[PDB]
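Q: Structure for the following, please:
(3 chains, ligands or ions: 10)
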Amino acid sequence: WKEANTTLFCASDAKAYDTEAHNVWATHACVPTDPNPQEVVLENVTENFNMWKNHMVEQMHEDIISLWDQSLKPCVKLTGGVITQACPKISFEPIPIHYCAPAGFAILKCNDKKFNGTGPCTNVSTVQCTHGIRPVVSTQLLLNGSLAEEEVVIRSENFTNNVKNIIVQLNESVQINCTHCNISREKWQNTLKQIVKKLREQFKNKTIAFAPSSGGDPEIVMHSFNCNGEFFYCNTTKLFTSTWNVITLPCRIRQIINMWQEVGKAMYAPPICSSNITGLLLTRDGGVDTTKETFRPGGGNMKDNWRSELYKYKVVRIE
Amino acid sequence: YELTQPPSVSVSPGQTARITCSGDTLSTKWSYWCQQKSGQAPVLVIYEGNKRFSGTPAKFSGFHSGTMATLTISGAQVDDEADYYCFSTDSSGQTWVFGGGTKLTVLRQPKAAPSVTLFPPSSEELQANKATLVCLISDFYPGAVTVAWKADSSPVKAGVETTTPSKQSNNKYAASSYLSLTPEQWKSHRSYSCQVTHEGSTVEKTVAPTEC
Amino acid sequence: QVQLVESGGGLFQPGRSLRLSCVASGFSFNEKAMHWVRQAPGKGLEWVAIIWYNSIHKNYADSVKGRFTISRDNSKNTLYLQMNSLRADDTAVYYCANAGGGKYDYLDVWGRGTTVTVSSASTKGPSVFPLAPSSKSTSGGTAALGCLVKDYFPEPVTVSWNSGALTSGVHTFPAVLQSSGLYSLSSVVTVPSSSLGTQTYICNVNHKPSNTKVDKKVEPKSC
Ligand SMILES: *[C@@H]1O[C@H](CO)[C@@H](O[C@@H]2O[C@H](CO)[C@@H](O[C@@H]3O[C@H](CO[C@H]4O[C@H](CO[C@H]5O[C@H](CO)[C@@H](O)[C@H](O)[C@@H]5O)[C@@H](O)[C@H](O[C@H]5O[C@H](CO)[C@@H](O)[C@H](O)[C@@H]5O)[C@@H]4O)[C@@H](O)[C@H](O[C@H]4O[C@H](CO)[C@@H](O)[C@H](O)[C@@H]4O)[C@@H]3O)[C@H](O)[C@H]2NC(C)=O)[C@H](O)[C@H]1NC(C)=O
Ligand SMILES: *[C@@H]1O[C@H](CO)[C@@H](O[C@@H]2O[C@H](CO)[C@@H](O[C@@H]3O[C@H](CO[C@H]4O[C@H](CO)[C@@H](O)[C@H](O)[C@@H]4O)[C@@H](O)[C@H](O)[C@@H]3O)[C@H](O)[C@H]2NC(C)=O)[C@H](O)[C@H]1NC(C)=O
Ligand SMILES: *[C@@H]1O[C@H](CO)[C@@H](O[C@@H]2O[C@H](CO)[C@@H](O)[C@H](O)[C@H]2NC(C)=O)[C@H](O)[C@H]1NC(C)=O
Ligand SMILES: *[C@@H]1O[C@H](CO)[C@@H](O[C@@H]2O[C@H](CO)[C@@H](O)[C@H](O)[C@H]2NC(C)=O)[C@H](O)[C@H]1NC(C)=O
Ligand SMILES: *[C@@H]1O[C@H](CO)[C@@H](O)[C@H](O)[C@H]1NC(C)=O
Ligand SMILES: *[C@@H]1O[C@H](CO)[C@@H](O)[C@H](O)[C@H]1NC(C)=O
Ligand SMILES: *[C@@H]1O[C@H](CO)[C@@H](O)[C@H](O)[C@H]1NC(C)=O
Ligand SMILES: *[C@@H]1O[C@H](CO)[C@@H](O)[C@H](O)[C@H]1NC(C)=O
Ligand SMILES: *[C@@H]1O[C@H](CO)[C@@H](O)[C@H](O)[C@H]1NC(C)=O
Ligand SMILES: *[C@@H]1O[C@H](CO)[C@@H](O)[C@H](O)[C@H]1NC(C)=O
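A: Residues are numbered from 1 along each chain as shown, chains lettered A, B, ... in the order given. Ligands and ions are numbered 1, 2, ... in the order given. Let me share the structure:
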């Protein structure tokens, strides 16, 4: 079969009366969760998955856009024009979301342990819905996601292309606290060791190195995320200071931000979060280093955030 | 910082030509070779030391080791004659720099060693409140050299204006270089030296203000 | 197939400013970094600038720092290089090359650059000086003398010896373009070491643009 682009329907576990935002929107845009979506599995079959070429990423992106624009109302927007708007302080709390396929179609799910994101997959299964996914609009670090069951996995449509970003799913979940931020230094060091293991297994044993990113807008240079509806910006220089072969990160809150929704800058009003680290976005610096190879944090593209969740799923048509 | 490579490489047809490239930054940085033919834009030949971009002639090999990257050309031919450049970056990796350029040329006549003559400032010029040392190089083949000026035993680069090797009437090559100075500078130092590197040999000529 | 063309080159009197463009085609322009390189007439290549695919970073040579500003535009697949204060030495061919990647990577494909010429267009007569023989200037049974034409514009000058009566052993060199913006030339002849104090040697120079002719007798030094 060939996958087809259709309009999936999101299935949430949300509640209407509750004040929270994602619940309010998901109430009228999504549906309740099926108690169980029959996981019809197939053994002696394989199919070609390309996480970097999946319409589900696009649709999810448009849904999150519709949520932000419909729910979280920025004070002011500058996108080649001007607009004045109210700024109600909202309750922002990502909840698990499913994406189910209508009748006549199904969702092929790659259940192979290690999968480099692209190429055919064995042990394929068929489902009507998707696992619990939380639309986390984070950068640099992926939060409240789904970590890889076994070991670590790194993915990129092309490792030898330094512009193309690199997605990472960890062996374990790392606790990060914010309110400034804190994080166990040791567990972080360990996860770094594992990443060095995979990377070294990727680039002919060349010595691996970590270092913070250079230049870019305050959104990209710093770990930007949301907390109760307020935009947090954190300095992750303490997490990238060593080279291989507890930590407290300072943060600010300036409402002048560059909308990920569109190439423009929107602002909010002054004000009036503990999570997991389930993935990492990185970029490689090619350069000319004979042995050293430096990887720095980056992001800014949310389709990369969704692809970290929708890499094994893909639509399909049937009778 | 600096990438130093020979100025000229004479080759009788068929022999295996070899060009070098020395720089302290080559210890931790790759070397990238380049070729430019007469009146044509330069072209990549070898990147990241050994690696080659097929399909270019396999006779181009790259041996990067230590602080020296060697571009080897198996079986040089009349077509291969050209100006090659090794380029890299500085210790930081932020800036790019080229070598001095190496002139690969087929031997059409015997190799001529350059004769050098350094003329110090004249009396009339000084009385005009100007000084210039004139280094003149003649009767060398192939036609490509390097010129390094020195005040006392220290290299000087400000005020040096050099030509490109031209052709004499006798089918050999001749070049010139000029070091522009003020009379004070000419009266302060003990002696200035013009240095000329032509393949295999470096000749140096010295002058002093005390001498005539 | 890759294609890079450059534009903006021409003749400009010093002190002016300029903008050079470089259109590209045949590769993912949006995913590559670009280098500007420079090469004076018959001289070695000299790196000028680099800029990233996203443009967040960009670096210039210490030579042109503070005057050159590199730009780009992916929506048009165009590279830019602005030169505020034009110096004489900025005269050179300006090549526009692509990068292996998009962040500080080697120069892969080159597009035939564009010639930039900087000239004051201001006539000036030469100043001849004498280059007399000395001990070292004597190569055994023969010695060498000459004259030095200095600070003239615009080339070329002719130079003979004894009104063209001397033609054996005489040889003239090419001119340089000094930083001052003018040209300096040097002429020389080799003669027997004996005739230094017996025969006279006069260096004849003709700078027709200024309508000047300079005769300069080369005398040995008092020592
Ligand atoms: C991950 O990303 C990296 C890059 O980011 C990628 O690696 C690159 O992949 C692309 C293709 O996907 C490569 O680009 C192609 O390279 C082809 C070969 O180019 C070489 O050969 C050319 C001529 O060869 C002829 O002659 C020889 C005889 O000796 C013969 O063997 C050959 O068969 C052939 O007949 C030569 O012109 C070319 O040199 C030019 O291009 C390079 C590019 O950098 C440049 O450096 C040179 O200065 C010069 O301009 C080179 O030597 C090439 O054929 C191909 O051409 C396209 O256009 C023509 C139009 O006629 C089409 O016919 C053709 O199908 C292509 O569309 C194209 O340029 C690139 O070289 C790779 N770079 C590498 C490996 O370093 C990885 O693949 C990605 N990995 C993934 C996705 O897994
Ligand atoms: C990833 O998931 C995490 C878990 O949801 C996110 O952290 C949570 O984010 C919400 C904001 O929507 C926080 O909600 C706040 O909680 C505090 C404290 O609760 C107080 O009230 C209860 C009453 O039962 C009491 O028991 C407690 O002791 C507290 O006194 C409130 O003050 C706020 O009003 C608000 O309700 C969660 O607290 C927070 N979970 C924590 C801290 O464990 C995280 O933000 C997500 N990551 C993202 C978005 O990047
Ligand atoms: C992801 O897996 C696919 C598997 O097809 C890789 O494609 C090829 O994998 C084989 C390994 O047996 C290699 O020999 C080939 O060289 C691969 N082909 C190419 C064009 O690379 C694919 O490369 C993998 N992608 C990443 C980013 O690792
Ligand atoms: C970050 O937050 C987590 C809780 O979200 C903290 O985990 C606690 O670890 C201690 C172990 O000493 C347990 O006793 C607590 O029960 C844990 N908290 C909870 C809610 O279970 C973690 O210690 C915090 N780390 C930092 C640096 O503040
Ligand atoms: C096909 O599936 C069966 C299980 O029904 C399994 O035993 C077999 O190994 C698979 N492969 C074959 C028959 O080639
Ligand atoms: C349909 O989906 C594929 C990949 O999922 C994508 O390449 C293509 O652009 C999509 N076409 C439309 C009209 O959305
Ligand atoms: C296929 O994936 C499932 C996990 O969903 C697992 O239970 C099953 O053992 C796998 N089949 C294999 C490895 O043959
Ligand atoms: C983080 O991971 C643990 C298990 O790995 C899970 O129990 C917990 O719910 C996760 N935290 C959040 C906010 O999802
Ligand atoms: C991930 O955790 C498992 C523990 O079951 C371990 O076996 C594996 O080696 C870890 N992956 C690494 C170190 O890359
Ligand atoms: C983060 O910390 C480093 C410490 O040197 C600093 O250079 C950098 O500017 C900081 N980034 C900010 C404030 O965005």
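
Q: What separation do you get for the residue of chain B positioned farthest from its centre and ligand 10?
A: Relative to the mean C-alpha coordinate of chain B, counting by CA atoms, centre = their mean, the farthest residue is residue B:127 (34.4 Å). Distance of residue B:127 to ligand 10, given as CB to the nearest ligand atom, to the nearest Å: 59 Å. C-beta here means a position set from N, CA and C on the backbone, and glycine is covered the same way.

Q: swap in residue C:44?
A: For residue C:44, the distance to ligand 10 - CB to the nearest ligand atom - is 38 Å.

Q: What is the burial count for that residue?
A: Around residue C:44 sit 14 other residues, with neighbours defined as other CB atoms under 10 Å in any protein chain shown.

Q: how's chain B carved up into domains?
A: As assigned by curated CATH domains, chain B contains the domains B:1-108, B:109-212.

Q: Without its sequence neighbours, what residue ends up closest to residue C:69?
A: The spatial neighbour of residue C:69 that comes closest, neighbours along the chain excluded (CB to CB, 6 or more residues apart in numbering or on different chains), is residue C:82 at 4.6 Å.

Q: got the phi/psi numbers for the one you found?
A: The phi and psi values for residue C:82, taken as degrees, to the nearest 10, are phi -100, psi 140.

Q: before we move on, the earlier item: between the domains of chain B, which gets nearest to residue A:264?
A: domain B:1-108 (31.5 Å; CB to CB).

Q: Check the offset of the closest one from the chain's centre.
A: Between the centre of domain B:1-108 and the centre of its chain there are 14 Å (CA atoms, centre = their mean, to the nearest Å).

Q: again with stretch A:241-257
A: Distance, centroid of stretch A:241-257 to centroid of chain: 18 Å (CA atoms, centre = their mean).

Q: now do stretch A:204-219
A: On CA atoms, centre = their mean, the centre of stretch A:204-219 falls 19 Å from the chain's centre.

Q: For residue 118, list the residues it contacts.
A: Here I'm looking at chain A. Applying CB atoms under 8 Å, 6 or more residues apart in numbering or on different chains, we find residue A:118 in contact with A:49, A:50, A:51, A:52, A:155, A:157.

Q: I was thinking of chain B, sorry if that wasn't clear
A: When contacts are counted by CB under 8 Å, 6+ apart, residue B:118 touches B:133, B:134, B:135, B:136, B:193, B:194, B:205, B:206, B:207, C:136.

Q: Report how many residues lie close to residue 35.
A: Chain wasn't specified; assuming chain A. Neighbourhood size, residue A:35 [other CB under 10 Å]: 5.

Q: my bad, chain B
A: By the measure other CB under 10 Å, the count of residues near residue B:35 is 20.

Q: ok, it touching residue B:87?
A: No. Here residue B:35 does not reach residue B:87: they are 11.8 Å apart, not a contact under CB atoms under 8 Å.

Q: Spatially, and excluding backbone neighbours, which residue is closest to residue A:100.
A: residue A:129 is the one closest to residue A:100 (CB to CB, 6+ apart), at 4.0 Å.

Q: can you tell me how far that neighbour sits from residue A:38?
A: Per CB to CB, to the nearest Å, residue A:129 is found 10 Å from residue A:38.

Q: okay, the two: which has more neighbours?
A: A direct count of neighbours by other CB under 10 Å for residue A:129 and residue A:38 places residue A:129 higher, at 22 against 10.

Q: element containing that one?
A: When elements are assigned from DSSP states H and E, residue A:129 belongs to no helix and no strand.

Q: And it, how far from ligand 6?
A: According to CB to the nearest ligand atom, residue A:129 stands 19 Å off from ligand 6.

Q: quick one on the thing from earlier: in a markdown table: the domains of chain B, plus distance to ligand 1.
A: Listed next are these as a markdown table, based on distance: least, CB to the nearest ligand atom, whole Å:
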| stretch | distance to ligand 1 |
| --- | --- |
| domain B:1-108 | 2 |
| domain B:109-212 | 25 |
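
Q: which one of those domains lies closest to residue C:110?
A: Residue C:110 lies closest, by CB to CB, to one member of the domains of chain B: domain B:1-108, at 4.5 Å.

Q: Residues of chain B that sit close to ligand 10?
A: With CB under 6 Å from any ligand atom as the criterion, chain B does not meet ligand 10 at any residue.
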